[PDB]
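>>> Sequence, then the experimental structure. Questions to follow.
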Amino acid sequence: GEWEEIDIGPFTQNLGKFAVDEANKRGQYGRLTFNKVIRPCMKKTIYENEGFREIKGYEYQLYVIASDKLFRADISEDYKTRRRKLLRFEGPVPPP
């Protein structure tokens, strides 16, 4: 379950949009307008069992610019359902 860098193409942009959507709902970072996810985007695989290949889900770490501010978002994604949760959202953060 090590971190792996992934691209910042549409899938990743949409992860950033999910994070900003969720941050907007939480109301702790004001009203944010998603702009883009920038590199690096990191993904880790969560396994169902230590020592087994069955994937439980993923965690992503994204740097997302919203309303001209850079945030770092952590998102979980369930393997089976693809259900996502914003785990953490902080910023503005230093440029990565």
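Noted; the coordinates are in hand. Residues are numbered from 1 along each chain as shown.
>>> ok, longest strand in the protein?
Ordering each strand of the chain by length in residues (DSSP state E) puts strand 34-47 first.
>>> what's the helix or strand for residue 4?
Using DSSP states H and E, residue 4 sits in strand 3-6.
>>> Can you give the contact residues for the longest strand of the chain?
1-8, 12-13, 15-17, 20-21, 53-68, 70, 76, 79, 96 (Cβ atoms under 8 Å, 6 or more residues apart in numbering). To be clear about C-beta, it is placed using only N, CA and C from the backbone, and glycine gets the same treatment.
>>> All the helices of the protein, in order from the start?
Secondary structure of the chain (DSSP state H): helices located at 10-26.
>>> Name the nearest residue to residue 4, ignoring sequence neighbours.
In space, and not counting its chain neighbours, residue 4 is closest to residue 43: 5.4 Å by Cβ to Cβ, 6 or more residues apart in numbering.
>>> since we're on the one you found, how many residues are nearby?
Residues lying near residue 43 (other Cβ atoms under 10 Å) number 18.
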